[PDB]
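Heavy atoms only: backbone and side chains are in, while hydrogens, waters and symmetry mates are out. Naming convention: chains lettered A, B, ... in sequence-line order (proteins, then strands); numbering from 1 in each chain.
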Protein chains: 2
Amino acid sequence: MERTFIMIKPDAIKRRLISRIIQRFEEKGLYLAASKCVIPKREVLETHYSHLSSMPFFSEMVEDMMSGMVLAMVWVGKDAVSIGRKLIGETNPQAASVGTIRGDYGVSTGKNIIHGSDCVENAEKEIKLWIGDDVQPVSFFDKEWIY
Amino acid sequence: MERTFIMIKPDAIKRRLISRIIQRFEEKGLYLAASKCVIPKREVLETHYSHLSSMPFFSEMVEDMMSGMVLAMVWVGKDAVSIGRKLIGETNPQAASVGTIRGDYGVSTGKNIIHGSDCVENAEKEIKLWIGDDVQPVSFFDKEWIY
């Protein structure tokens, strides 16, 4: 099925939001397929956010993502990308709906808790960038109860 | 600080217990240092359970442990091995105290949710077997409030 790249940002790790974030994805029915703790490298962040290279404060946005360990994941399932974006909420947590990850826990645009892919093309690039080309297939153990 | 190896067994993944399990460790104050999604290989399992190789249930245990993805983790902190053991509870879920992972979620000894290292010696052996030689130092971000 479709897959998406979900990364818990360094400050959300430090706020101990890991279980609360994973609950949203796991209760929605998506399948965890990969997981990795990483201290992000500057070069990898610049590639991840290459579409942002022209924007004001690009350097600061990269620096913020370098301040500590992230939890990088792949979640799989029907409409995974759109589903993840909806669970996460608007870029700016003030605009995100209550009940979303950013709406419930987030305060600023720079520390907005989590990254999720915005489209299938970017998900594939991000997965290969952060995780690798050999993410192994997982069993859709309860597919019949969800679809 | 001390490290322990914590692995969510495949049936617990299928029961969607990931967030509830991580919650116990995260709220207790231990630090996540490594995370990997793995479909276990036979030779790995045969090494890990080498002390059980004469038992009549051995092949079944290996098959069950190969029946899906496991989530393998390292958690770090003062007394992390003993702390993880207590959070998890006794091997037989019917002997485990209510409030433990096994006591709250587990019914049978075979499908007892999770594995955690029994001592520091085994934790080190287990991390090297399942994760690798190079787990990076973790930032103890809220150490002064806990330890």
Side-chain angles (χ1 to χ4, degrees), chain A residues 3 5-41 66-77 87 101 111 127 130-132 135-142 144-146, chain B residues 3 6-40 64 66-77 87 101 111 127 130-132 134-146:
Chain A
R3 34 190 223 165
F5 180 70
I6 306 297
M7 178 175 55
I8 305 183
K9 298 196 169 166
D11 296 307
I13 300 300
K14 301 179 172 177
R15 297 176 61 189
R16 290 185 181 269
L17 290 169
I18 300 169
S19 67
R20 276 167 286 183
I21 285 161
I22 290 179
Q23 183 185 335
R24 313 293 185 93
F25 288 81
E26 181 174 42
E27 286 182 335
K28 185 57 161 179
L30 290 170
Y31 298 101
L32 182 65
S35 205
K36 184 182 180 214
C37 295
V38 207
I39 312 87
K41 289 300 218 149
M66 262 156 74
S67 69
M69 198 189 86
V70 295
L71 183 62
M73 292 165 285
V74 183
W75 286 85
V76 175
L87 294 176
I101 290 166
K111 291 155 197 240
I127 291 162
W130 293 93
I131 306 291
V135 172
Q136 290 297 301
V138 292
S139 164
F140 312 132
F141 48 80
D142 59 1
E144 307 307 294
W145 300 339
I146 299 177
Chain B
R3 311 185 298 178
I6 309 303
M7 178 173 55
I8 301 180
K9 300 180 174 179
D11 297 292
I13 302 295
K14 300 180 178 179
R15 292 170 71 187
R16 295 192 177 262
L17 290 167
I18 298 174
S19 70
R20 278 167 288 182
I21 284 156
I22 285 175
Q23 181 184 345
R24 313 295 184 96
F25 288 85
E26 185 174 40
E27 286 185 341
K28 184 69 173 178
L30 300 176
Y31 298 101
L32 183 68
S35 198
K36 189 159 99 160
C37 292
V38 339
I39 296 159
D64 175 77
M66 290 180 58
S67 70
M69 182 265 281
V70 301
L71 182 60
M73 287 169 292
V74 175
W75 291 82
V76 179
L87 295 175
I101 292 168
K111 296 163 186 160
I127 292 165
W130 287 94
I131 299 300
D134 246 281
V135 176
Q136 299 300 288
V138 75
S139 166
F140 309 130
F141 49 82
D142 57 3
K143 182 195 166 149
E144 286 105 324
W145 305 336
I146 294 169

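Counting heavy atoms from C-beta outward, B:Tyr31 and B:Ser139 have side chains that stay 4.5 Å or more apart. A 4.5 Å side-chain heavy-atom check between A:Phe140 and A:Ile146 finds every atom pair outside the cut-off.
Under the side chain to side chain contact (heavy atoms under 4.5 Å, CB included) criterion, B:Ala34 pairs with B:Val74, B:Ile131, B:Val135, not counting sequence neighbours. Residues satisfying the side chain to side chain contact (heavy atoms under 4.5 Å, CB included) test with B:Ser35, not counting sequence neighbours, are A:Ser35, A:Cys37, A:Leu71, B:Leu71, B:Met73. For B:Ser67, there are no side chain to side chain donor-acceptor pair (under 3.5 Å) partners at least two apart in sequence or on another chain.
Contact annotation for B:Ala72: neither backbone nor side-chain heavy atoms come within less than 4.5 Å of a heavy atom of chain A.
Residue-level contacts of residues 8-16 of chain A with chain B, in order of numbering, are A:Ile13, A:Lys14, A:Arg16; threshold 4.5 Å between heavy atoms.
Atom-to-atom distance recorded for A:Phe25:CZ and B:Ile18:CD1 is 12.5 Å, nearest 0.5 angstrom.
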